[PDB]
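Q: Below are the structure tokens for one structure; questions will follow.
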Amino acid sequence: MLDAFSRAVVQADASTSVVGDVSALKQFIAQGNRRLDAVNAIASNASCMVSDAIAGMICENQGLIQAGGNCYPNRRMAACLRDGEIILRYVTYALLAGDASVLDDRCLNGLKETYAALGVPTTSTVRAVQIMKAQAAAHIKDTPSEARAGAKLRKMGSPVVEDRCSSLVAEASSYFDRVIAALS
Amino acid sequence: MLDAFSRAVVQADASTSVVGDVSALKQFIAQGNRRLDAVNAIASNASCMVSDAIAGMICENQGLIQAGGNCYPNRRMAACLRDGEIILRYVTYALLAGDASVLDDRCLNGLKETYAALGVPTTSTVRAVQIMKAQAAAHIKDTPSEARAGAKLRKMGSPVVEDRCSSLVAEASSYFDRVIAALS
Amino acid sequence: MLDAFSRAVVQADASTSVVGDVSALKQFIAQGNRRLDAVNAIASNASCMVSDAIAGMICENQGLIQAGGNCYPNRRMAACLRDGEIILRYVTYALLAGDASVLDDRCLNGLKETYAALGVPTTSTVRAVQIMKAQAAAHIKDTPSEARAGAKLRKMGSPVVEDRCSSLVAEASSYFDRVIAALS
Amino acid sequence: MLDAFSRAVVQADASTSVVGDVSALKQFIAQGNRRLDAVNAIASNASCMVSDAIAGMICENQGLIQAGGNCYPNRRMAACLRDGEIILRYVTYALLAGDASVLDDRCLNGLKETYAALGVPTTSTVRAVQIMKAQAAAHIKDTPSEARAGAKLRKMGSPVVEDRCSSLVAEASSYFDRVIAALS
Amino acid sequence: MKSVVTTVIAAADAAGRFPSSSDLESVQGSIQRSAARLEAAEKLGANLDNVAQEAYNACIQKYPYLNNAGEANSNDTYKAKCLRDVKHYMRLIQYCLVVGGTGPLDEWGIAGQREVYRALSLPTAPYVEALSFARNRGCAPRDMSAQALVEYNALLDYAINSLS
Amino acid sequence: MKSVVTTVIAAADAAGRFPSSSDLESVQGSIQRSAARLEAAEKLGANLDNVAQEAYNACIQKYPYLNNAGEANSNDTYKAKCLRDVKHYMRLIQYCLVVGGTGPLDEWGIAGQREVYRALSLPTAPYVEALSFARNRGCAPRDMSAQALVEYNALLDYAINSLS
Amino acid sequence: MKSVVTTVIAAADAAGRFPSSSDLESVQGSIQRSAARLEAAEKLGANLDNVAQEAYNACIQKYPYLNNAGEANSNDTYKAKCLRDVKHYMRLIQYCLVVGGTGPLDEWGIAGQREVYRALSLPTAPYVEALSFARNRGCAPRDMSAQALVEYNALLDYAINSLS
Amino acid sequence: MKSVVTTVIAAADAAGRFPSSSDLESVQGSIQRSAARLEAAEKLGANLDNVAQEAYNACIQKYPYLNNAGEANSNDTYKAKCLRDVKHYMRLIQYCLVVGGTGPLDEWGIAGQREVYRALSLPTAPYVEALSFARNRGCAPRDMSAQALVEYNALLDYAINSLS
Ligand SMILES: *C(=C)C1=C(C)[C@@H](Cc2[nH]c(/C=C3N=C(/C=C4\NC(=O)[C@H](C)[C@H]4[C@@H](*)C)C(C)=C\3CCC(=O)O)c(CCC(=O)O)c2C)NC1=O
Ligand SMILES: *[C@@H](C)[C@H]1/C(=C/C2=NC(=C\c3[nH]c(C[C@H]4NC(=O)C(C=C)=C4C)c(C)c3CCC(=O)O)/C(CCC(=O)O)=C2C)NC(=O)[C@@H]1C
Ligand SMILES: *[C@@H](C)[C@H]1/C(=C/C2=NC(=C\c3[nH]c(C[C@H]4NC(=O)C(C=C)=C4C)c(C)c3CCC(=O)O)/C(CCC(=O)O)=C2C)NC(=O)[C@@H]1C
Ligand SMILES: *[C@@H](C)[C@H]1/C(=C/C2=NC(=C\c3[nH]c(C[C@H]4NC(=O)C(C=C)=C4C)c(C)c3CCC(=O)O)/C(CCC(=O)O)=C2C)NC(=O)[C@@H]1C
Ligand SMILES: *[C@@H](C)[C@H]1/C(=C/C2=NC(=C\c3[nH]c(C[C@H]4NC(=O)C(C=C)=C4C)c(C)c3CCC(=O)O)/C(CCC(=O)O)=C2C)NC(=O)[C@@H]1C
Ligand SMILES: *[C@@H](C)[C@H]1/C(=C/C2=NC(=C\c3[nH]c(C[C@H]4NC(=O)C(C=C)=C4C)c(C)c3CCC(=O)O)/C(CCC(=O)O)=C2C)NC(=O)[C@@H]1C
Ligand SMILES: *[C@H](C)[C@H]1/C(=C/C2=NC(=C\c3[nH]c(C[C@H]4NC(=O)C(C=C)=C4C)c(C)c3CCC(=O)O)/C(CCC(=O)O)=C2C)NC(=O)[C@@H]1C
Ligand SMILES: *[C@H](C)[C@H]1/C(=C/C2=NC(=C\c3[nH]c(C[C@H]4NC(=O)C(C=C)=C4C)c(C)c3CCC(=O)O)/C(CCC(=O)O)=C2C)NC(=O)[C@@H]1C
Ligand SMILES: *[C@H](C)[C@H]1/C(=C/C2=NC(=C\c3[nH]c(C[C@H]4NC(=O)C(C=C)=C4C)c(C)c3CCC(=O)O)/C(CCC(=O)O)=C2C)NC(=O)[C@@H]1C
Ligand SMILES: *[C@H](C)[C@H]1/C(=C/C2=NC(=C\c3[nH]c(C[C@H]4NC(=O)C(C=C)=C4C)c(C)c3CCC(=O)O)/C(CCC(=O)O)=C2C)NC(=O)[C@@H]1C
Ligand SMILES: *[C@H](C)[C@H]1/C(=C/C2=NC(=C\c3[nH]c(C[C@H]4NC(=O)C(C=C)=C4C)c(C)c3CCC(=O)O)/C(CCC(=O)O)=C2C)NC(=O)[C@@H]1C
Ligand SMILES: C=CC1=C(C)[C@@H](Cc2[nH]c(/C=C3N=C(/C=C4\NC(=O)[C@H](C)[C@H]4CC)C(C)=C\3CCC(=O)O)c(CCC(=O)O)c2C)NC1=O
Ligand SMILES: C=CC1=C(C)[C@@H](Cc2[nH]c(/C=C3N=C(/C=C4\NC(=O)[C@H](C)[C@H]4CC)C(C)=C\3CCC(=O)O)c(CCC(=O)O)c2C)NC1=O
Ligand SMILES: C=CC1=C(C)[C@@H](Cc2[nH]c(/C=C3N=C(/C=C4\NC(=O)[C@H](C)[C@H]4CC)C(C)=C\3CCC(=O)O)c(CCC(=O)O)c2C)NC1=O
């Protein structure tokens, strides 16, 4: 797998050139502590995210939990919770690395054809991934609502900036959009 | 795998018949010593053949050793030198056996599709094998040129015949052409 | 595994010196054709030898084919026949090679302890090996009795000498003796 | 495996108590950069340490490279070079960890019995380790001699203190002494 | 025992590698982060009884049915074992803060927890509530520095994640 | 297909080796022995029908019960298939003499023979007697040279050993 | 491609884990060390031709026999490829300083080097002497900061170690 | 130890077979070729010291840099070990001529040779030049019979190939 730095290196190698301009890479380093905060915010809330996101997909689509539904019976529901967890885990790896390589290579490559072969619905998987994307943006900004979270609300208490790490929120959202793109 | 004799057996079995003309197999046996000298001449010169054949292919196409070239970087050059040794090893087996069966079954079968998947260039592979064909011809004739060998020139000292084993030259040449045919 | 020749090399390597006298090895080559006849004589008669040896061990020890006997029931008889064939096979490899190395290393090493752990009886195993020793001696000399063979008598038609290859008989016999010594 | 901090945890756990005094652990952290210098100094010089240690062992005992000696022939000298590298590697792991656990569990456990079965001699293995101990000491202190290194001399250019990391020299030396104790 | 240094050593050893640049650079991270988590370890080590007592109280506060005859907090032995369990978790967290990885929680708390609580009919929700209270209770700088609290909270959330 | 050269090639390939000294030396063995075994191949190829017919006749003479209604030699289809089987073994022996290994007997004769004869209730003993008669029958120099006969007898004994 | 973050991701993924405390701590290491190795990367990037040139010159000065007809530096094609090879290694080192691990050198330098130089009969010692010269040449703070030079030298020694 | 007879025994044993026609035929090769290789072994054995001495002298003559301070032929210990090594290769070649296979050279010369020469900074070209000289030097019948010289030369080429 590649990270932010090894991506730059692979690009320099394609013209057997030295890495010329490490200015973007120093800005990546100046952003390092907020990146570790962003990852901490997802990993620390991962069980609540996966459970609320699958529960969300289901509260919208009651078909999935009846006869012939793909979260019926118990075994299928467990399998689906496991995929929500796996997809969030690989998105979190990409955010820590600052590159989509690990998500592409280890999670998304062949995933649509696997889902088509098992008869796992695309459209429902994408809805679960969209809720996790919103959850992640909220937890990175540290503005989760008491309305969504109730007794399970968590605050991270990271040093506040007025944009609330909008750049890390867009990058994370981009990784989730890559899963949604690969699955539809 | 088969050898010259079991090939005649397979052909005879195709019509549930005895092997008919054993007189003509006695002549293959009479050529036997010169067959072992031809094998000895390729095996004994195999490092000098492979390195000269791969350096030849490269000296005609500098693209192989530049960014994007399939002999760049070190890993890819090393894989290619390995392939040249593998191909020549299976050709020498086919020469010792007087049949292409072992070459076909253990080397050529699937080689085209393997190279297409890896993006190994067919053109440059063919040129490597062409130079190996020419080298083998000269080593079986025991007429390598000082021009191509310099200080690595080797003479084998076999009993000289007028044709210089023209039949084994043609046989060995058909095995290299068999490798090249297997890449299309 | 060693043969008669690598045995001399291992002896010479213990003093990091050249093999000095090859005269003993030249006598081994002059004996070569009779050695191939001796191996041919055992291999060609091996089924007859193993069944006749195991049936002899049994005809002299009827307890083996009664309740609690180690050739009872069918599974154990089969295993015994297999063991006779294995031991004769490794003796025949030693005779082909002209060294006990393959017999010691691949057959005898740990065999006595294996038998102890299984409760395979020593005296009966040794008896079966003594009968095979006598059979092999008779097939090597090409003097099997009709009394012992009835309708299964085989003659080899090797060029006859006065000693009837007494040196190969003694060598073959010493290999059978190593089995009896390893098991008793 | 354990490190210096999980070693203190395992001790506190033996009386189900909190880790009470962090100050010793605070001093480990403050020593941390010189520890990475010490690991750098060994790892950067490892090939030169292994070849000079095995050469020095042989320097002191010509037996190892004569008929019947345990560094003869080439396969055995290679095996010995390989063991030297393995032992130094696990010692370098213990020094990075600040605990002998990985060295005990992955290298030393069964090693005496392994060397016993193989006939690898204890005196000479202990002598190679004693030279590696002295080389590691000089590299951690950054006082290697030109007299022992020639053209291969390496200076690390670390910030010099009076004691030249005498505590790390002692610790790394005690890991080499655990190898010696395990072989005794 | 998973830590910065045991992770890089396990990775080097699987590849037959001496420690290299990326390995040393990982351990420099331990040097940087140590001051945060060792502060959290000292504050937690010094006040473990009172921290665990109020977290145990909070979990019983949410689940008063545990006090009714027959439930898991309903006698003096049960009470003492419940508080002990909360103290065990907070002790392993103190160990994680000392080590800078989850090793002590993974090996000594999490491994076998669901088999144990299943077999003894101990519900998981009160364990979760005790840790959840502890996660939500701390503030900086009253209880420890900001980054000490980040380290403390992350390990509480890791234990909660393990039971959720 | 097991012969001298396929055995050394298979051994060379399993080790990633070019042909070496022992491989060439092995094949010199084929050059030397070929005269004896190709003489036997020529004689057997030229006289296969007569050789097999008389081996078939020996097994029926030994086992006349095969002629009784319901037994394996009892009708004209059964007699033709039995003579044909004897000829198949002898033709495979001719192939082994051509090749100088047991490959053809192994692959096309022995493999499956036990399962076929079990399934068809074809007794083994008549096959063994046909090949036994063929083994005992030849003499040098009447039929072929002494070493041609050794080669012929050795493959007949190999065939017998596969059914014994 | 081995760096701090890919080593911890690969270890996390093998055990099916989310990033945890030891994984973020490792990456803090990369944040700390980035300044030193990114300094070395810029110095090396800006002056690669000059740094490589004096290293190549040093290796030909130590081994003039290379200039003899038939030897590895004995015609201008060979000469230009030799300097090119020294610059290749220095470029892969610049890549390692950017990434903060050995991946670029491991994957594009060291893999297959032994097999390539053996087949083309390229002596090892002149590569070792070029890198050795570059390793002994630097001093701080003249050429870069002390810790920039530790990072530069570590990768030069890593490369020397691969050829020794 | 790879020979004609150990190659066919290992093949028979992996298949659970008695020696058969292709095995005996293989060993007749040894009976046929033994006269040439035993002759080569007697000639090389009788004159090992002078054969190795001129091969050693030729490789130092090609590479006089080895004589300079700090190079591999620069002291009398190194000088004596270099000639010893050439002698070792020639001795193992004698063993290969006695055995009629490459076993002795494979096990005692070739296995580990690359790790040993790398670790001690011994360049391989002078080993190749010693063997290459020995390969070009012999002629028949002056030194041994023509077929003896084919066997001697094949084993030198095998050794050259192992280092090339
Ligand atoms: C053979 C005749 C013989 C030897 C071979 C040699 C073995 C030996 N070496 C030491 C001590 C060291 N060797 C070192 C190695 C190196 N230094 C470097 O700069 C490079 C990177 C590397 C490889 C050459 C080092 C660092 C030492 C430590 C001492 C020093 O630097 O001077 C010893 C032990 C000496 C002691 O106990 O102090 C031995 C035996 N000795 C031979 O006689
Ligand atoms: C666990 C409680 C986390 C947490 C999770 C968050 N949920 C967020 C958004 C969100 N959740 C759902 C599912 C929910 N809605 C339903 O109608 C039902 C079923 C009846 C369920 C299970 C949805 C649909 C959404 C979408 C909102 C959107 O698109 O933006 C969320 C982000 C929004 C917010 O915080 O308000 C979070 C963070 N939050 C926590 O604090 C704990 C740890
Ligand atoms: C969006 C992600 C957030 C946000 C993040 C910020 N955090 C800032 C600084 C900061 N964070 C940490 C913790 C981090 N570093 C580590 O080494 C580890 C774990 C091993 C973690 C979890 C540290 C140490 C720091 C720096 C300390 C300090 O200087 O106080 C930060 C301020 C700096 C910046 O501008 O990038 C921000 C913005 N802040 C937000 O607004 C949302 C919620
Ligand atoms: C084309 C290949 C050659 C050529 C070859 C000839 N070699 C001839 C005879 C011959 N070769 C050997 C060595 C060989 N037999 C073995 O047993 C082994 C190894 C185990 C090897 C390497 C021998 C023993 C012999 C026979 C003895 C002799 O003739 O002195 C030969 C003559 C026989 C034939 O025509 O088949 C030829 C032609 N000759 C050429 O002109 C080119 C260079
Ligand atoms: C198979 C028929 C071979 C063959 C076998 C030979 N048997 C030889 C000796 C031998 N056989 C037995 C066992 C036998 N004697 C019994 O009393 C009973 C059962 C009541 C049996 C089954 C014994 C005891 C011996 C004597 C061994 C000894 O001296 O210790 C033998 C060698 C001696 C000889 O030939 O007279 C052979 C060769 N002979 C053949 O021709 C076919 C192919
Ligand atoms: C004791 C074992 C025997 C006996 C053996 C003799 N055989 C003699 C010569 C001989 N044998 C073979 C066949 C052998 N060589 C092969 O290449 C193969 C198979 C590939 C086999 C099975 C041959 C070719 C020859 C040489 C030709 C000949 O001389 O007829 C032989 C005579 C030579 C000598 O004295 O060593 C003997 C003595 N003779 C006996 O008395 C017992 C029964
Ligand atoms: C949940 C949001 C879905 C849903 C999911 C299901 N997944 C099922 C099986 C399954 N999923 C994968 C892909 C997964 N495994 C991986 O290794 C990775 C990446 C590393 C991922 C993302 C696989 C390979 C499999 C098959 C193997 C297995 O069972 O573990 C599944 C079970 C189907 C069945 O067996 O009947 C389900 C139900 N289903 C839903 O309704 C929502 C939309
Ligand atoms: C050299 C003349 C070529 C060239 C060669 C490359 N081959 C690469 C890898 C490769 N080759 C094979 C086929 C090979 N292996 C076998 O087992 C057999 C037959 C028994 C043969 C002939 C395979 C399966 C592979 C993949 C596995 C491996 O890495 O060894 C290769 C590397 C591709 C890559 O990974 O990037 C190259 C470069 N390339 C050239 O430019 C010339 C024309
Ligand atoms: C016959 C002369 C004996 C006798 C023999 C039995 N052997 C039994 C099993 C057995 N034998 C071996 C050794 C065998 N296998 C090898 O791999 C080798 C050498 C390479 C040899 C010689 C083993 C390992 C085993 C166990 C595995 C298996 O069943 O194949 C056996 C069965 C014992 C039992 O299970 O009860 C018997 C009966 N028995 C006799 O009475 C005579 C003296
Ligand atoms: C040696 C002098 C014997 C002996 C031999 C006799 N065989 C006779 C007839 C015969 N043999 C065969 C089989 C034979 N011919 C082949 O083509 C092959 C193998 C390829 C072999 C081994 C046949 C087919 C025949 C019938 C036709 C013919 O005669 O060739 C024979 C004539 C009388 C008879 O049929 O028995 C003799 C004398 N007989 C002896 O008593 C000594 C020991
Ligand atoms: C420390 C005072 C040393 C010392 C240093 C000197 N080096 C000199 C010149 C020099 N160094 C390099 C390599 C250097 N430049 C880079 O770009 C990098 C890495 C990216 C390195 C490590 C070069 C190319 C040159 C020539 C041009 C230049 O940079 O000046 C130097 C000037 C005189 C000379 O070349 O010797 C000095 C004094 N020399 C010492 O005596 C101590 C130990
Ligand atoms: C600039 C790059 C460049 C190269 C690397 C060579 C590569 C090369 N070698 C040969 C051709 C050959 N090369 C060898 C090789 C050898 N002869 C011996 O005596 C040794 C044992 C062994 C290693 C040197 C042989 C035997 C031939 C056959 C032709 C001949 O010998 O003249 C040919 C001719 C191919 C043909 O006819 O199609 C070519 C192009 N040529 C180039 O222009
Ligand atoms: C995890 C830890 C670990 C190790 C430390 C090694 C331990 C080890 N070493 C050897 C292997 C060996 N070890 C040596 C080494 C020596 N001979 C000498 O004369 C010197 C005194 C000494 C070097 C200092 C030798 C010579 C052999 C081969 C012995 C033989 O095969 O005859 C072997 C047998 C397998 C092989 O051939 O490689 C093993 C298991 N391996 C491991 O997995
Ligand atoms: C990733 C790689 C990495 C490293 C390799 C280290 C490198 C490193 N070492 C030190 C710092 C140091 N380095 C040493 C070490 C030594 N001094 C001696 O006299 C001995 C020769 C040697 C024995 C070990 C010392 C003594 C210091 C000064 C600080 C101290 O006293 O501990 C410093 C702090 C800055 C300074 O004080 O200059 C750093 C960053 N850190 C890293 O993160």
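By convention in this document, the chains of the structure tokens carry letters A, B, ... by their order, each chain's residues are numbered from 1, and ligands are numbered from 1 in the order they are shown.
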Contacts from chain D to chain G, 12 Å maximum, only C-alpha atoms: show me the residue list as a PyMOL selection string.

A: chain D and resi 33+36-37+39-52+81+85+151-159

Q: Please produce a file of the residues just selected, as an mmCIF file, in the first residue's frame, where the atoms kept are C-alpha atoms.

A:
```cif
data_model
loop_
_atom_site.group_PDB
_atom_site.id
_atom_site.type_symbol
_atom_site.label_atom_id
_atom_site.label_comp_id
_atom_site.auth_asym_id
_atom_site.auth_seq_id
_atom_site.Cartn_x
_atom_site.Cartn_y
_atom_site.Cartn_z
ATOM 1 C CA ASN D 33 17.055 9.262 21.882
ATOM 2 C CA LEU D 36 17.685 4.865 19.218
ATOM 3 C CA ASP D 37 21.331 6.048 18.590
ATOM 4 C CA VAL D 39 20.205 0.624 17.915
ATOM 5 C CA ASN D 40 21.145 2.732 14.850
ATOM 6 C CA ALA D 41 24.896 2.192 15.659
ATOM 7 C CA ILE D 42 24.456 -1.634 15.771
ATOM 8 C CA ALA D 43 21.935 -2.029 12.866
ATOM 9 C CA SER D 44 23.966 0.339 10.560
ATOM 10 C CA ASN D 45 27.168 -1.757 11.219
ATOM 11 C CA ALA D 46 25.536 -5.263 11.491
ATOM 12 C CA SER D 47 27.044 -6.899 8.299
ATOM 13 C CA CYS D 48 30.520 -5.614 9.225
ATOM 14 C CA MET D 49 30.013 -6.837 12.895
ATOM 15 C CA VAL D 50 28.836 -10.358 11.803
ATOM 16 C CA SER D 51 31.649 -10.918 9.221
ATOM 17 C CA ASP D 52 34.436 -9.561 11.583
ATOM 18 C CA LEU D 81 27.382 -16.348 9.220
ATOM 19 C CA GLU D 85 23.245 -12.338 11.979
ATOM 20 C CA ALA D 151 38.609 1.117 5.055
ATOM 21 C CA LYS D 152 35.270 -0.065 6.672
ATOM 22 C CA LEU D 153 35.518 2.317 9.735
ATOM 23 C CA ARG D 154 32.178 4.052 10.628
ATOM 24 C CA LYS D 155 31.631 7.152 12.878
ATOM 25 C CA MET D 156 27.958 7.935 13.881
ATOM 26 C CA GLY D 157 28.567 11.630 14.899
ATOM 27 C CA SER D 158 26.159 11.442 17.941
ATOM 28 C CA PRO D 159 26.326 14.179 20.673
#
```

Q: Neighbouring residues of residue 134 in chain F were defined as those with any atom within 10 Å, considering only C-alpha atoms; residues of the same chain fewer than 6 positions away were excluded. Please report them as a list in words.

A: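 In the requested form, the answer reads residues 51, 52, 54, 55, 56, 58, 90, 128, 152, 153, 156 and 157 of chain F.
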
Q: Would you output that residue set with C-alpha atoms, as a compact mmCIF listing (two decimals), in the first residue's frame?

A:
```
# COMPACT_ATOMS: atom_id res chain seq x y z
CA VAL F 51 3.56 -64.81 -29.42
CA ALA F 52 0.21 -63.67 -27.86
CA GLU F 54 0.31 -69.13 -27.76
CA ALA F 55 0.37 -67.22 -24.39
CA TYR F 56 -3.50 -66.99 -24.60
CA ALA F 58 -1.45 -71.60 -22.37
CA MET F 90 2.46 -57.84 -25.26
CA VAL F 128 -0.62 -64.14 -14.84
CA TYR F 152 12.05 -59.16 -22.77
CA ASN F 153 11.95 -61.40 -19.65
CA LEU F 156 7.26 -59.79 -18.61
CA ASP F 157 8.31 -60.21 -14.89
```

Q: Counting only C-alpha atoms, a student should be able to say which residues of chain G come within 12 Å of chain H; what is the right answer, written as number ranges by chain?

A: G: 62-66, 68-72, 114-126, 128-129, 160-164

Q: Enumerate as a ChimeraX atom specification the residues within 6 Å of ligand 11, counting only C-alpha atoms and all ligand atoms.

A: /G:43-44,47,50-51,137-139,142-143

Q: Keeping only N, CA, C and O atoms, write those residues as a PDB file, in the first residue's frame.

A:
```
ATOM      1  N   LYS G  43      18.045  18.831   0.383  1.00  0.00           N
ATOM      2  CA  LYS G  43      19.493  19.013   0.111  1.00  0.00           C
ATOM      3  C   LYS G  43      19.899  18.017  -0.983  1.00  0.00           C
ATOM      4  O   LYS G  43      20.563  18.435  -1.970  1.00  0.00           O
ATOM      5  N   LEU G  44      19.517  16.751  -0.811  1.00  0.00           N
ATOM      6  CA  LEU G  44      19.912  15.639  -1.714  1.00  0.00           C
ATOM      7  C   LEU G  44      19.284  15.869  -3.090  1.00  0.00           C
ATOM      8  O   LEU G  44      20.010  15.736  -4.083  1.00  0.00           O
ATOM      9  N   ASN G  47      21.021  18.660  -5.116  1.00  0.00           N
ATOM     10  CA  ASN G  47      22.476  18.534  -5.402  1.00  0.00           C
ATOM     11  C   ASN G  47      22.851  17.096  -5.786  1.00  0.00           C
ATOM     12  O   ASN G  47      24.028  16.768  -5.650  1.00  0.00           O
ATOM     13  N   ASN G  50      25.875  16.375  -8.289  1.00  0.00           N
ATOM     14  CA  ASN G  50      27.191  16.639  -7.645  1.00  0.00           C
ATOM     15  C   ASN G  50      27.500  15.558  -6.593  1.00  0.00           C
ATOM     16  O   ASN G  50      28.671  15.061  -6.589  1.00  0.00           O
ATOM     17  N   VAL G  51      26.534  15.219  -5.732  1.00  0.00           N
ATOM     18  CA  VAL G  51      26.753  14.225  -4.633  1.00  0.00           C
ATOM     19  C   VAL G  51      27.134  12.873  -5.270  1.00  0.00           C
ATOM     20  O   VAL G  51      28.130  12.261  -4.849  1.00  0.00           O
ATOM     21  N   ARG G 137      31.384  11.124   3.802  1.00  0.00           N
ATOM     22  CA  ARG G 137      31.632  12.490   3.259  1.00  0.00           C
ATOM     23  C   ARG G 137      30.909  13.579   4.072  1.00  0.00           C
ATOM     24  O   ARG G 137      31.477  14.658   4.226  1.00  0.00           O
ATOM     25  N   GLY G 138      29.680  13.336   4.513  1.00  0.00           N
ATOM     26  CA  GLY G 138      28.849  14.372   5.134  1.00  0.00           C
ATOM     27  C   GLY G 138      29.341  14.778   6.503  1.00  0.00           C
ATOM     28  O   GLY G 138      29.901  13.928   7.236  1.00  0.00           O
ATOM     29  N   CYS G 139      29.150  16.046   6.863  1.00  0.00           N
ATOM     30  CA  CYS G 139      29.246  16.490   8.276  1.00  0.00           C
ATOM     31  C   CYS G 139      28.241  17.603   8.534  1.00  0.00           C
ATOM     32  O   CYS G 139      27.921  18.368   7.585  1.00  0.00           O
ATOM     33  N   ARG G 142      27.620  21.622   8.677  1.00  0.00           N
ATOM     34  CA  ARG G 142      28.040  22.197   7.371  1.00  0.00           C
ATOM     35  C   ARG G 142      27.023  21.833   6.282  1.00  0.00           C
ATOM     36  O   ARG G 142      26.475  22.771   5.645  1.00  0.00           O
ATOM     37  N   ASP G 143      26.807  20.531   6.044  1.00  0.00           N
ATOM     38  CA  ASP G 143      26.062  20.041   4.858  1.00  0.00           C
ATOM     39  C   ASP G 143      24.551  20.014   5.152  1.00  0.00           C
ATOM     40  O   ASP G 143      23.770  20.097   4.188  1.00  0.00           O
TER      41      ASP G 143
END
```

Q: May I ask you to write as a VMD selection string all residues lying at most 7 Å from ligand 7, with only C-alpha atoms and all ligand atoms counted?

A: chain A and resid 54 64 69 to 71 76 to 77 79 to 81 83 to 84 86 to 87 106 to 107 111 114 to 115 118 120 to 122 124 to 125 128

Q: Do you know which residues are at most 7 Å from residue 21 in chain E counting only C-alpha atoms, after dropping those on the same chain fewer than 2 positions away, and could you put them as a list in words?

A: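 The neighbour list is residues 23, 24 and 25 of chain E; 100 and 101 of chain G.
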
Q: Keeping N, CA and C atoms for every residue in the selection just given, could you write it to a file as a PDB file, in the first residue's frame?

A:
```pdb
ATOM      1  N   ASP E  23      11.282   2.056  11.901  1.00  0.00           N
ATOM      2  CA  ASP E  23      11.137   1.447  13.254  1.00  0.00           C
ATOM      3  C   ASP E  23      11.551   2.465  14.322  1.00  0.00           C
ATOM      4  N   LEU E  24      12.724   3.088  14.160  1.00  0.00           N
ATOM      5  CA  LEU E  24      13.275   4.103  15.098  1.00  0.00           C
ATOM      6  C   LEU E  24      12.304   5.297  15.138  1.00  0.00           C
ATOM      7  N   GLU E  25      11.834   5.700  13.976  1.00  0.00           N
ATOM      8  CA  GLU E  25      10.930   6.851  13.834  1.00  0.00           C
ATOM      9  C   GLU E  25       9.619   6.566  14.584  1.00  0.00           C
TER      10      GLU E  25
ATOM     11  N   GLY G 100      10.192   8.204   4.823  1.00  0.00           N
ATOM     12  CA  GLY G 100      10.648   7.812   6.171  1.00  0.00           C
ATOM     13  C   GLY G 100      10.659   6.301   6.383  1.00  0.00           C
ATOM     14  N   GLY G 101      10.948   5.532   5.339  1.00  0.00           N
ATOM     15  CA  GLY G 101      11.256   4.090   5.442  1.00  0.00           C
ATOM     16  C   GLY G 101      12.019   3.610   4.214  1.00  0.00           C
TER      17      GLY G 101
END
```
